[PDB]
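K.L.:
Structure, please.
(2 chains, ligands or ions: 1)
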Amino acid sequence: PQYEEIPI
Amino acid sequence: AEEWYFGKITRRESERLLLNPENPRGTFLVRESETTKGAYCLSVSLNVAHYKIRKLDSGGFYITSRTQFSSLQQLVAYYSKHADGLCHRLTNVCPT
Ligand SMILES: [Co+2]
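P.N.:
Residues are numbered from 1 along each chain as shown, chains lettered A, B, ... in the order given. Sure, the structure comes next:
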């Protein structure tokens, strides 16, 4: 489905 | 620089290999992205997380803009010391 993003 | 690089492997197969019960948390591999051409992907493990490794037009790579690298190996060496935003620190290269 998708990708994890490093929190901003 | 090749060990953790599994190249053109599918997202499904990288999850299947990483999810091996013998692999501790932080087991990872870098691969080519199937949805975004030119970019790579860091897959880390128990569940698996996938991070898009974007490439700048001038040259370098980054998962998040605040932390950029000259290469995939510089990126790997960095996250092997501090997860710095990742789900876990890179600890183990995924076995073939
Ligand atoms: Co520290």
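K.L.:
just the helices in chain B please.
P.N.:
Secondary structure of chain B, counting by DSSP state H: helices at B:11-18, B:72-79.
K.L.:
Same list, those helices, but as TSV with distance to residue B:41 and mean neighbour count please.
P.N.:
C-beta here means a position set from N, CA and C on the backbone, and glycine is covered the same way. As requested, the helices of chain B are exported to TSV (distance: least, CB to CB, whole Å; neighbours: other CB atoms under 10 Å in any protein chain shown):
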stretch	distance to residue B:41	mean neighbour count
helix B:11-18	7	16
helix B:72-79	11	17
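K.L.:
I'd like to know which of the ones you listed is closest to residue B:96.
P.N.:
Set against residue B:96 and scored by CB to CB, these come closest in helix B:11-18, at 8.4 Å.
K.L.:
wait, what's in contact with the residue nearest to residue B:23 when sequence neighbours are not counted?
P.N.:
Spatial nearest neighbour of residue B:23, excluding adjacent residues (CB to CB, 6 or more residues apart in numbering or on different chains): residue B:45 at 5.6 Å. Counting by CB atoms under 8 Å, 6 or more residues apart in numbering or on different chains, residue B:45 touches B:18, B:19, B:23, B:24, B:25, B:26, B:27, B:28, B:88.
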